Undergrad: 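Below is the structure I would like to discuss, written out as structure tokens.
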Amino acid sequence: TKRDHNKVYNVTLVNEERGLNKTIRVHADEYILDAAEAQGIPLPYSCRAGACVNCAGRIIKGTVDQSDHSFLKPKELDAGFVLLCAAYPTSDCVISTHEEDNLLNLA
Ligand code: FES
């Protein structure tokens, strides 16, 4: 899938419990975690391969593409959950971080 590098989105990472609210620039062909790391923002992660839930976030605003290989169900995707290690922005976004436990609780 061709994703264009010079297309750049404003990705606001938010965590109310922790008082996090930081907006970074993320290229269309870059995973959100990898951008946050390049720009000095630590986010939770474990496998970094799309194959766990440790890096889970949840979309508040906008859109993302979750990589096909990611181990998220369509139901979970439809609920707004994202694995940031393996997701590309497709719009200016607001995403709440540290959403592992809420993903695990999704019925
Ligand atoms: S860190 Fe395992 S899915 Fe992202």
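For ligands, and for the atoms within them, numbers begin at 1 and follow the listed sequence. We count residues from 1, following the sequence as given.
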Undergrad: In Å and rounded to the nearest 0.5 Å, what is the CG to NZ distance from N15 to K22?
TA: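 NZ of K22 is found 15.5 Å from CG of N15.
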
Undergrad: Show the atoms of ligand 1 that are less than 4.0 angstrom away from any heavy atom in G50.
TA: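 Near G50, meaning under 4.0 Å from one of its heavy atoms, ligand 1 has 3 (S).
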
Undergrad: Of all the atoms in ligand 1, which lie at a distance below 4.0 Å from a heavy atom belonging to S46?
TA: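 What qualifies from ligand 1 is 1 (S).
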
Undergrad: Measuring to atom 2 (Fe) of ligand 1, does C52 have an N/O/S atom at a distance below 2.8 Å?
TA: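 For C52, the answer is yes, given that an N, O or S atom comes within less than 2.8 Å of atom 2 (Fe) of ligand 1.
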
Undergrad: What atoms of ligand 1 come within less than 4.0 Å of a heavy atom belonging to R48?
TA: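 So the answer, numbered in order with elements, is 1 (S), 2 (Fe).
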
Undergrad: Do any of the N, O or S atoms of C47 sit under 2.8 Å from atom 4 (Fe) of ligand 1?
TA: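 Here the distance criterion (N, O or S atom, under 2.8 Å) is not met by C47, so no.
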
Undergrad: Show me which atoms of ligand 1 lie under 4.0 Å from any heavy atom of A51.
TA: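 So the answer, numbered in order with elements, is 3 (S).
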
Undergrad: How are the rings of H69 and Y31 set to each other: parallel, tilted or perpendicular (split at 30° and 60°)?
TA: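 Tilted, since the angle between the ring planes falls between 30° and 60°.
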
Undergrad: Restricting to non-hydrogen atoms, name the atom on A49 and the atom on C85 that form the minimum distance, rounded to 0.1 Å.
TA: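 Scanning both residues completely, I find the closest heavy atoms to be N-SG, 3.8 Å.
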
Undergrad: For the hydrophobic clusters of this structure (ILVMFWY residues joined by side-chain heavy atoms under 4.5 Å, transitively), does one cluster hold both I59 and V14?
TA: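 Shared cluster, no.
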
Undergrad: Kindly confirm or rule out a cation-pi arrangement of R25 over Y9, judged by NZ or CZ under 6.0 Å from the six-membered ring centre and within 45° of its axis?
TA: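 The answer is no; the distance or angle limit is not met.
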
Undergrad: Can you sort out which atoms of ligand 1 are near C85, meaning under 4.0 Å from one of its heavy atoms?
TA: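 Selected atoms, number and element: 1 (S), 3 (S), 4 (Fe).
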
Undergrad: Using a strict cut-off of less than 4.0 Å between a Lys/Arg side-chain nitrogen and an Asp/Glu carboxylate oxygen, indicate whether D34 and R48 qualify as a salt bridge.
TA: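 Yes, charged N to carboxylate O under 4.0 Å.
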
Undergrad: May I ask you to check whether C55 brings an N, O or S atom to under 2.8 Å from atom 2 (Fe) of ligand 1?
TA: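 No - counting backbone and side chain alike, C55 has no N, O or S atom under 2.8 Å.
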
